[PDB]
Amino acid sequence: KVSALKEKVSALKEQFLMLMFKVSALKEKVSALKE
Amino acid sequence: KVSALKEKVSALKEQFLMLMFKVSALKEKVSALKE
Amino acid sequence: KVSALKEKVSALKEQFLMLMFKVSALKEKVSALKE
């Protein structure tokens, strides 16, 4: 169970990094429209 | 402790799915403003 | 291992809260551009 959990947290950390990239890119695009 | 942790990860995975939906919907709205 | 995992989940929950704030602030900014 602890091993399954560690893999689940690993995959969720990878998901978070990809969503942080997606949100930073969106924030920059919105700043190009409006300061 | 392992059980408490599994529930905490479960709830955080549900949180992530809802934030992915929110960010995809926002990305589409921003693309409607600017390609 | 369980302790390391609990800290990893703690830090990821703090990361999520900060990304939820960032996305809510971006959503409001986009609504100021377009209803």
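Our structure's up above, just so we're on the same page.
Residues numbered from 1 in each chain as written, not as in the entry; some residues may be left out. Chains lettered and ligands numbered in written order. Heavy atoms only, no water.

(A) Just the relation of the copies chain C and chain B, in detail. Of the transformation superimposing chain C on chain B, the axial component is 0.0 Å and the angular component is 120 degrees, with the fit at an RMSD of 0.0 Å. Expressed as a symmetry operation, the mapping of one chain copy onto the other fits a three-fold axis. (Least-squares fit on C-alpha atoms.)

(B) Main features of the environment of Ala-25 of chain C. Structurally, the position occupied by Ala-25 of chain C is in helix α1 (residues 2-33). Sequence spacing of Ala-25 of chain C and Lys-6 of chain C is 19 residues, and the spatial spacing of their C-alpha atoms is 29 Å. (Helix = DSSP H or I, 4+ residues; strand = E, 2+ residues; numbered from the N terminus.)

(C) Highlighting the interface of chain A and chain B. Across the boundary between the two partners, chain A contributes 14 residues, which contact 18 residues of chain B. A buried area of about 1,500 Å², summed over both sides, lies between chain A and chain B, and 82% of it is on carbon and sulfur atoms. Summed over the three residues of chain A that lose the most area to chain B, namely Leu-12, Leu-19 and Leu-26 of chain A, the buried surface amounts to 33% of that side. If you look at where chain A meets chain B, you find zero salt bridges. The interface formed by chain A and chain B holds three residue pairs in polar contact in total. (Contact = heavy atoms within 4.5 Å. Buried area = accessible area lost by both parts, 1.4 Å probe. Salt bridge = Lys/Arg side-chain N within 4 Å of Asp/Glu carboxyl O. Polar contact = N/O pair within 3.5 Å; in protein donor to acceptor, adjacent residues only side chain to side chain.)

(D) Summary view of empty space enclosed by the protein. All told, the structure shown has one cavity of 30 Å³ or more when counted by the stated rule. The computed volume of the largest cavity comes to approximately 110 Å³. If you trace the largest cavity, you find it lined by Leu-12, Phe-16 and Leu-19 of chain A, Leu-12, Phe-16 and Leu-19 of chain B together with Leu-12, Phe-16 and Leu-19 of chain C. Broken down by class, the residue content of the lining of the largest cavity amounts to nine nonpolar, no polar and no charged. (1 Å grid on protein atoms, 1.4 Å probe; cavity = no way out; pocket = protein on both sides within 12 Å on 5 of 7 lines; lining within 4 Å. Points joined across faces, edges and corners; volume = space filled by probe spheres on them. Nonpolar A, V, L, I, M, F, W, Y, C, P; charged D, E, K, R; others polar.)

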